[PDB]
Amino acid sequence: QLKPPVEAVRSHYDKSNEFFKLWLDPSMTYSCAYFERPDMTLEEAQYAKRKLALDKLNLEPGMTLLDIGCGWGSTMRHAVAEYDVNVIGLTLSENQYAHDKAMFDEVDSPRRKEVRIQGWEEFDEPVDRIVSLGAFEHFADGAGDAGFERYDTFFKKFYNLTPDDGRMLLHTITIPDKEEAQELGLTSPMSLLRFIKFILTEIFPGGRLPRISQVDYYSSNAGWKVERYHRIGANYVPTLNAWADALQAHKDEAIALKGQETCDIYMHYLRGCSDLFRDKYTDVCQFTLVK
């Protein structure tokens, strides 16, 4: 069976918790926010995003929630606080794991709070609901076994680990399908091609963005149905600008911490990606998957 893209993932997310601390919001949510109201700060928007997702799971207290690619815990920690469920978080980052583990010590609840350095490929317990925010772009990747063919194992797996009322909220960056790209009038100048290369080179090695039809094909092949396609990628512009701005604001702390080049790399990364979503070149979609 499958090998998790450990080293690829670690090269990014294990860059330094203090480094990310500088420019992420306070909840350290590392995925597209949700400006449900025009006046939310970034941090309130991250809450709104977490909420928005968790609400779709029809969670009841006592249930077990699996969070795949649980980042820095915000989603788990929020799922317990606001829903009273037990949570299991999957991550491949040592830093993220270290931090979620400690962040758990703080607040208390009769609910289970587990973070693991485990891949979805290796998970094998029964759960009630599933959430994954901004991790999916790594699932087509593997320790030398990459391929969208992997989505197939994925959806069939977690269809089988969940009850008959089982639900999955898959939140992920996407790219337009043939028909829709044409319809958008999308075009790929040389600057853009250089950028993606830069991204796949300096930021997210082995990352693969799905087309909605890919998520359909493999999900339904497993028996899933999409109760909703919530396209919300426009929110990534405010998000990404916020991150970029904060990083710039801490330019001197950041150069002090992980170096000159990295400020440049990440500023370039953050500024650049903003435009991708501005231009509708990329999107973010939240699939509500049911049986």
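Quick note: we count residues from 1 along the sequence shown, nothing fancier.
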query	finding
104-112 or 131-139, whichever carries the higher mean Cα B-factor	104-112
Lowest, middle or highest third - CA B-factor, residue 48	lowest
Record-listed C-alpha B factor of residue 77: chain third	middle
Chain-relative CA temperature factor third for residue 230	middle
Third of the chain's Cα B-factor distribution that residue 191 belongs to, per the entry	lowest
Third of chain Cα B-factors occupied by residue 242	lowest
